[PDB]
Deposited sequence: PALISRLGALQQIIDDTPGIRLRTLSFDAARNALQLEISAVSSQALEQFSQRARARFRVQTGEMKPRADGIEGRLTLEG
């Protein structure tokens, strides 16, 4: 649930140009994985959001020379 989802997420990050993992947090009790993404542009972040949405449950939101994305996955 954690280890296997992490590999999938890392694959999508790695496959997606213009994206880096900035931070990641996991809460066992909520079985929730919170991800903060750095992106070169809004276009790159949308590339990533829809790839993540294709594999997992949900779009990536928020956003803050400096674009960030927030994907809370639940399982």
What ranges of the deposited sequence are left out of this structure?
-> 1, 66-68
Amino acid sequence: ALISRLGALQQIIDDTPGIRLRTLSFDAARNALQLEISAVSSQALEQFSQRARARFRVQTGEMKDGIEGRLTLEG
From here on, numbers count along this sequence of modelled residues.
Which of 22-30 and 45-53 has higher mean CA B factor, as the PDB entry lists it | 45-53
When the C-alpha temperature factors are averaged for each of 9-17 and 55-63, which stretch ends up with the higher value in the entry?
-> 55-63
